[PDB]
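Observations on the three-dimensional arrangement
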Amino acid sequence: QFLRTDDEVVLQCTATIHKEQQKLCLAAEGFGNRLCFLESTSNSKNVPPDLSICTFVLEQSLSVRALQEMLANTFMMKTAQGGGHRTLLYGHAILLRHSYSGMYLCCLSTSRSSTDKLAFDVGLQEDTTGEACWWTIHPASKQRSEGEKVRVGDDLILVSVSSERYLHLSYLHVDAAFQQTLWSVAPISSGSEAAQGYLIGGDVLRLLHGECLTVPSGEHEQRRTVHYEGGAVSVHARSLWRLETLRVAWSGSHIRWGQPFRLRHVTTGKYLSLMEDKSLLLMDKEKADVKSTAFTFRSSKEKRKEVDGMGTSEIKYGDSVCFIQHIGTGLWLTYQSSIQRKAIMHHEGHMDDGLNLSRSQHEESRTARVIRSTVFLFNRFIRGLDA
Amino acid sequence: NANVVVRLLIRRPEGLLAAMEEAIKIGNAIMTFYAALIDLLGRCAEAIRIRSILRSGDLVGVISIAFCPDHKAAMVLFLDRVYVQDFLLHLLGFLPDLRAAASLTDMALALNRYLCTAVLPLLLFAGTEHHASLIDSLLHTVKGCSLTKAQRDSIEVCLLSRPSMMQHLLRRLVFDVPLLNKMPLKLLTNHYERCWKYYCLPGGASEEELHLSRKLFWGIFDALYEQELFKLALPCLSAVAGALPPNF
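Residues numbered from 1 in each chain as written, not as in the entry; some residues may be left out. Chains lettered and ligands numbered in written order. Part of a larger assembly, values for the part shown. Heavy atoms only, no water. Residues with missing side-chain atoms left out of burial classes, pairs and counts.

The record lists cryo-EM as the method behind this PDB entry and 4.5 Å as its resolution.

Here's what the structure looks like:
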């Protein structure tokens, strides 16, 4: 209902370009670029955007009086400072980090737009000890007040400390200036969320068999097939599937039997966009629809709706018998008959369709997203040379 | 007050510097009207997060016409407030000013006006030309209140430092001394012992000018209270020449 430290939300506007309700969230690059950017989440049922590039954790909300302690510092900002959860009040300076690349949100001393005299741009530094990273909170609500508790689902003006410029949104630019932007705060995961080894949303994981799955190697079909294997394919990057639910808020809640499943390969970034005729196909967000990406989980071959919170920590990873059913077909993932045995969505096929799982960790996923962005840069720059 | 109001003023000051010197061709309305803006802005001396915003590097009006009574002194104080010791002389600007020291009436009051902006640079070749323009303005007056004010700043600007041009201006007093022994520049003639002593350290034609200066000092000695005051410093000028030689 309210916000404390160690809390994960996002920031959105449904901003306008000619009466657009263009659900533009600020997404940061990281791990190779220090600038952030807008991200439309409107047609997410047919272009599901990334979320891991735009989620942020409330690192430390503090009083403005508390900041000059760090001025008096010339460590570890008293290591808490204080508690505790430090439940959110308006009129606070906050520290903010990226989730994924984990850069800390700061502004810039630059002018990388109009000009438009000396307003400022938005960066991602790692020296938190600097009030570009510090961000005073203003509700734009006389209906609300300042100093009071910050609820869920509010709308704010977030102003800098160094520049003390408001969060400006321009045209499509994100900057710091003497004009402001309201900001939705969609709750995602708080907190803690909730226990070790649980199907919790946003996860990347492996799909084991007892044996596991595989994608082919490189040298390209652009890995668009999917199979089974033993092998160190878990240790390979290709066994990595970032789950997404259709719910934009609370998407890092607990996953349960039969939630909507926007499912996406990591090393490509392509979604598991199921060809509805016979079996599995791979494409990016464009194909990723309720006919192609959205599946369900069933504990039996025979056999989610509404949660504004963390939900019920349903399944662990090793203790998982999940009969995945595509919603648009009712098929179930069985296999055909190098053990690169091809899996197939089907009515029955084999009776081994309640498969097994294992989550990932942060560094390996991080390197995977790095690899994806890496070759995205690389191959386009290669034909840059070729031109 | 300023601390508040500039934070208020992120909203509407109303390409502003694009057409800044635009309507000088075109009723002094917008020109003075933004001169008010810049003069008001230039009033700010930790809380110096402002200084970048105080600097939003706008230096066109410095060399706008480097009216010109009005605006340029406001630019002077603004630049002095918000913004090496010898770099600044490229901004002549005194190239119109100290050279325009005889234009015969906005000019005639900008004359006594800009002596404050002439003192204000109390805060390597063309400095001889700068001292030339300064001497042209000086003997153009040698308005007497602020002129006598700038008379103090002239000597410290002379000893402010190339240094060959500095010794050249140090004996520029001997250059003007050919008409001396007037009562106006008698104080400069008295204080010129300090300029000769300033040339005396690394510096000890020129010795011929020193002999002619000692001859002029002996001629001022028989030229006969202010002159009687400056005659004691003419002996100091002879001693500093000893330590030195070890409307045109």
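The rest of the description comes next.
1. Quick notes on the overall build of chain B
A tally of regular secondary structure across chain B gives 14 helices and zero strands. Ordered by position from N to C terminus, the α and β elements of chain B give α-α-α-α-α-α-α-α-α-α-α-α-α-α. (Helix = DSSP H or I, 4+ residues; strand = E, 2+ residues; numbered from the N terminus.)

2. Concerning the overall build of chain A
Along its length, chain A carries two helices and 24 strands. On C-alpha atoms alone, chain A measures out to a radius of gyration of 22 Å, which is about the 21 Å that the 2.2 N^0.38 rule sets for 387 residues. Projecting the C-alpha coordinates of chain A onto the three principal axes gives extents of approximately 70 × 55 × 45 Å. (Rg over C-alpha atoms; globule rule 2.2 N^0.38 Å.)

3. Focus on the packing of helix α12 (residues 186-200) of chain B against helix α14 (residues 226-243) of chain B
Residues and elements named next belong to chain B. For the pair α12 and α14, the least separation of the axes is 8 Å and the interaxial angle reads 20°. One finds that α12 runs roughly parallel with respect to α14. For the pair α12 and α14, the crossing hand works out as left-handed. Within the contact between the two elements, α12 uses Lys186, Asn190, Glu193, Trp196, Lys197 and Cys200 and α14 uses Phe230, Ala233, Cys236, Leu237, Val240 and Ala243. A class-by-class count of the residues in the contact of α12 with α14 yields eight nonpolar, one polar and three charged. (Axes fitted to C-alpha atoms, helices over the stretch in contact; angles between N-to-C directions. Parallel < 35°, antiparallel > 145°, perpendicular 65-115°, else oblique. Left-handed = near helix turned anticlockwise from the far one by under 90°. Contact = heavy atoms within 4.5 Å. Nonpolar A, V, L, I, M, F, W, Y, C, P; charged D, E, K, R; others polar.)

4. Focus on α12 of chain B
Over its 15 residues, α12 of chain B runs 22 Å from end to end, which matches the ideal 21 Å to within 8%, given 1.5 Å per residue. Roughly 30° is the biggest bend found in α12 of chain B, and it falls at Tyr192 of chain B. (Expected span 1.5 Å × (residues − 1). Bend = angle between axes of the 7 residues up to and from the residue.)

5. Points about the packing of helix α2 (residues 29-41) of chain B against helix α4 (residues 70-82) of chain B
Residue and element names in this part refer to chain B. Viewed as axis vectors pointing N to C, α2 and α4 meet at an angle of 20°, and their least axial separation amounts to 9 Å. It follows that α2 is roughly parallel to α4 by the angle criterion. Where α2 crosses over α4, the two elements pack in a sense that is left-handed. Contacts between α2 and α4 involve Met31, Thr32, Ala35, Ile38 and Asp39 on the former and, on the latter, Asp70, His71, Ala74, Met75, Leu77 and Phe78. Here the contact of α2 with α4 is built from residues that sort into seven nonpolar, two polar and two charged.

6. A short note on the packing of aromatic side chains
How two aromatic rings sit relative to each other is set out by the distance from centre to centre and by the angle between their planes. Residue and element names in this part refer to chain A. When the centroid spacing of 5.8 Å and the interplanar angle of 70° are considered together, the rings of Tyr228 and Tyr335 count as edge-to-face. Positioned over the ring face of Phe2 is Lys149, at 3.6 Å from the centre of the ring. For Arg369, the ring lying beneath its charged end belongs to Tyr100, and the centroid distance is 4.4 Å. (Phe/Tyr/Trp six-rings, centres within 6.5 Å; stacked < 30°, edge-to-face > 60°. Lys NZ or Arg CZ within 6 Å of the ring centre and 35° of its normal.)

7. Points about the pairing of strand β2 (residues 12-15) of chain A
Residue and element names in this part refer to chain A. Both β2 and strand β3 (residues 22-28) contribute to a ladder of four bridges, which runs antiparallel. Within β3, the position partnered with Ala15 by the bridge is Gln22. Between β2 and β3, which follow one another and run antiparallel, lie six residues, and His18 among them has a positive phi close to 60°. (Pairing = 2+ DSSP bridges.)

8. Quick word on the pattern of salt bridges
For side chains bearing opposite charge, pairing can occur when the charged atoms are close. Salt-bridge contacts for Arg264 of chain A lead to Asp50 of chain A; the nearest nitrogen and oxygen are separated by 2.9 Å. For the salt bridge of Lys78 of chain A with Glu69 of chain A, the shortest nitrogen-to-oxygen distance reads 2.7 Å. (Salt bridge = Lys/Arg side-chain N within 4 Å of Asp/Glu carboxyl O.)

9. A look at unusual backbone geometry
All names here are of chain A. With an omega dihedral of -15°, the bond running from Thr115 to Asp116 counts as a cis peptide bond. Here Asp116 shows up in the loop between β7 (104-107) and β8 (122-125). Following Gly191, the chain continues to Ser192 via a peptide bond in cis, the omega torsion being -10°. As for its placement among the helices and strands, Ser192 is situated in the loop between β14 (187-189) and β15 (204-208). Residue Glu164 is not a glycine yet carries a positive backbone phi of 50°. With a phi close to 55°, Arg223 is a non-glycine residue in the positive phi region. With respect to the helices and strands, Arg223 occurs in the loop between β16 (212-214) and β17 (227-229).

10. A few points about the side chain of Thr268 of chain A
Residue and element names in this part refer to chain A. Here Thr268 is to be found in the loop between β19 (262-265) and β20 (295-298). Within the structure, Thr268 has its side chain in polar contact with the backbone nitrogen of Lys270 (distance 2.8 Å). Excluding residues within four positions of it along the chain, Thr268 makes contact with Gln222, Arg372 and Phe376. (Polar contact = N/O pair within 3.5 Å; in protein donor to acceptor, adjacent residues only side chain to side chain.)

11. With respect to the environment of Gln259 of chain A
All names here are of chain A. Tracing the backbone through its elements, the reader meets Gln259 in the loop between β18 (241-244) and β19. Along the chain, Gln259 and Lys301 lie 42 residues apart, while their C-alpha atoms are 16 Å from each other. Reaching out from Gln259, the side chain makes a polar contact with the backbone oxygen of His254 at a distance of 3.1 Å.

12. Some remarks on the pairing of strand β24 (residues 354-359) of chain A
All names here are of chain A. The sheet contact formed by β15 and β24 spans four bridges and is antiparallel. Bridging from a neighbouring strand, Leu205 pairs with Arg359 of β24. Across two bridges, strand β21 (residues 322-326) lies against β24 in antiparallel orientation. If you follow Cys322 over to β24, its bridge partner there is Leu355.

13. Some details on the environment of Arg97 of chain A
Residue and element names in this part refer to chain A. Its location among the elements puts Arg97 in strand β6 (residues 93-98). Look past the residues within four positions of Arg97 in its chain and what remains in contact with it is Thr55, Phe56, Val57, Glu59, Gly102, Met103, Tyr104 and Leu105. A polar atom in the side chain of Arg97 sits 2.5 Å from the backbone oxygen of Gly102.

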